[PDB]
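Below, all heavy atoms of this structure are taken into account, side chains as well, without hydrogens, waters or symmetry copies. One-based numbering along the sequence shown.
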Amino acid sequence: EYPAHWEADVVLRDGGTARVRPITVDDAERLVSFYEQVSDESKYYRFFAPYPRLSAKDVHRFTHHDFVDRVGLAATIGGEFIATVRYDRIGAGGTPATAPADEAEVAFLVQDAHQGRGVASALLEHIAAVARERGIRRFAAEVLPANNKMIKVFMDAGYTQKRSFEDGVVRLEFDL
């Protein structure tokens, strides 16, 4: 259960629309179908290891949210998912947390056919707007250094690179 106004239409850079809405427990089929149309390369960049098909654990977690500490949204075109975005509230220790912990890790995945259309940009804006309503004050994104296109998406969304203290990962942060 979630506020109805978390559902919105977006107009993409080419004037097409997509509906941005929360991911629900009834969306599992849709999520798996969408995932089939994401490249292996995009999956590797999203998960930091090859992951051609989601596990049952992950289909569950990516479709079951409290909508307070974890929020997942989809962009849909003609009812099919084309992208997803999400936040997970985390504690000082990088583990899951509840308020008044106020940082979250943000992640997104776009079907390669819908790249270049401003989908990520629109989802980043929408997940920030939702997150502000749940008390989040900072997002952190973690991106592989090979994945320069997405670094650029984040920077263009107002994120700044920060020291990651970790090998093999670029950290980008955004104050909400």
Engineer: For a side-chain contact (heavy atoms from CB on, under 4.5 Å) check, start with the C-alpha distance between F34 and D27, then their side-chain angles and the critical distance, and finish with the verdict.
Structural biologist: CA-CA 10 Å; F34 147 83; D27 284 325; over 6 Å; no

Engineer: Is there a path of hydrophobic side-chain contacts, each under 4.5 Å between heavy atoms of I, L, V, M, F, W or Y residues, that connects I127 with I82?
Structural biologist: yes

Engineer: When the ring planes of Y35 and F47 are compared, do they come out parallel, tilted or perpendicular, using 30° and 60° as the limits?
Structural biologist: perpendicular

Engineer: Would you say the side-chain atoms of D112 pair up with the backbone N or O of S39, donor to acceptor, closer than 3.5 Å?
Structural biologist: yes

Engineer: Between NZ of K149 and OG of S42, what distance do you get to the nearest 0.5 Å?
Structural biologist: 9.5 Å

Engineer: Would you call the rings of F67 and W6 parallel, tilted or perpendicular, where under 30° means parallel and over 60° means perpendicular?
Structural biologist: perpendicular

Engineer: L176 and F174: side-chain contact (heavy atoms from CB on, under 4.5 Å), yes or no, with the steps?
Structural biologist: CA-CA 6 Å; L176 289 169; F174 179 69; 3.4 Å; yes

Engineer: Taking atom CZ of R46 and atom CD of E142, what is their separation to the nearest 0.5 Å?
Structural biologist: 10.5 Å

Engineer: Say you draw a straight line from NE2 of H126 to CD of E7; how long is it, rounded to the nearest 0.5 Å?
Structural biologist: 8.5 Å

Engineer: Using the benzene-type ring in the case of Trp, are the ring centres of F154 and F108 under 6.0 Å apart?
Structural biologist: yes

Engineer: Among pairs that include at least one residue of residues 70-87, which meet salt bridge (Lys or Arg N to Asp or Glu O under 4.0 Å), considering only residues two or more places apart or in two chains?
Structural biologist: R70-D88

Engineer: Is it true that atom CZ of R19 has more than 12 heavy atoms of other residues, nucleotides or ligands lying nearer than 6.0 Å?
Structural biologist: yes

Engineer: If you look at every heavy atom in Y44 and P50, which pair is closest and at what distance?
Structural biologist: CD1-N, 4.0 Å

Engineer: Quick one: CD on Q161 to CD1 on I151, what's the gap to the nearest 0.5 Å?
Structural biologist: 6.0 Å

Engineer: Count I, L, V, M, F, W, Y as connected when their side-chain heavy atoms are under 4.5 Å apart, and connections chain through other members. Are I77 and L123 then in the same cluster?
Structural biologist: yes

Engineer: Give a yes or no on this: more than 12 heavy atoms of other residues, nucleotides or ligands lie within 6.0 Å of atom CD of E166.
Structural biologist: yes

Engineer: Are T160 and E173 packed together at the side-chain level, in the sense that at least one heavy-atom pair is separated by less than 4.5 angstrom?
Structural biologist: no

Engineer: When clusters are formed by joining ILVMFWY residues with side-chain heavy atoms under 4.5 Å apart, either directly or through shared neighbours, do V110 and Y45 land in the same one?
Structural biologist: no

Engineer: Search all heavy atoms of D69 against all heavy atoms of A97 and return the closest pair with its distance.
Structural biologist: CG-O, 3.5 Å

Engineer: Output all residues satisfying side-chain contact (heavy atoms from CB on, under 4.5 Å) with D40, sequence neighbours left out; order by chain, then residue number.
Structural biologist: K43, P52

Engineer: Quick one: CG on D26 to CG on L31, what's the gap to the nearest 0.5 Å?
Structural biologist: 13.0 Å

Engineer: Taking the side chain as every heavy atom from C-beta outward, state whether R134 and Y87 have any pair of such atoms under 4.5 Å apart.
Structural biologist: yes

Engineer: How close do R89 and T98 get, heavy atom to heavy atom, and via which atoms?
Structural biologist: CD-C, 3.5 Å

Engineer: Of all residues at least two apart in sequence or in a different chain, which pass the salt bridge (charged side-chain N to carboxylate O under 4.0 Å, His left out) check with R13?
Structural biologist: none

Engineer: Given side chains that start at C-beta, do those of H65 and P22 come closer than 4.5 Å, heavy atoms only?
Structural biologist: no

Engineer: Got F62 and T84 here, is their nearest side-chain heavy-atom distance under 4.5 Å?
Structural biologist: no

Engineer: Where do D58 and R61 land on the side-chain contact (heavy atoms from CB on, under 4.5 Å) test, with the steps shown first?
Structural biologist: CA-CA 5 Å; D58 282 341; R61 68 158 163 148; 2.6 Å; yes

Engineer: Kindly give the heavy-atom pair with the smallest separation between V130 and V71, and that separation in Å.
Structural biologist: CG1-CG1, 4.0 Å

Engineer: Closest heavy-atom contact between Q111 and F81?
Structural biologist: NE2-O, 3.4 Å

Engineer: If hydrophobic clusters are built by linking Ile, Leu, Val, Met, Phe, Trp and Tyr wherever their side-chain heavy atoms come under 4.5 Å apart, do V143 and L109 end up in the same one?
Structural biologist: no

Engineer: In the single-linkage hydrophobic clustering (I, L, V, M, F, W, Y; side-chain heavy atoms under 4.5 Å), do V10 and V85 co-cluster?
Structural biologist: yes

Engineer: Distance check, rounded to the nearest 0.5 Å: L172 atom CG versus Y159 atom OH?
Structural biologist: 8.5 Å

Engineer: Which heavy atom in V59 sits nearest to a heavy atom in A28, and how many Å separate them?
Structural biologist: CG1-CB, 3.7 Å

Engineer: Using side-chain contact (heavy atoms from CB on, under 4.5 Å), reason through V11 and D9 one step at a time and then give a plain yes or no.
Structural biologist: CA-CA 7 Å; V11 177; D9 292 306; over 6 Å; no

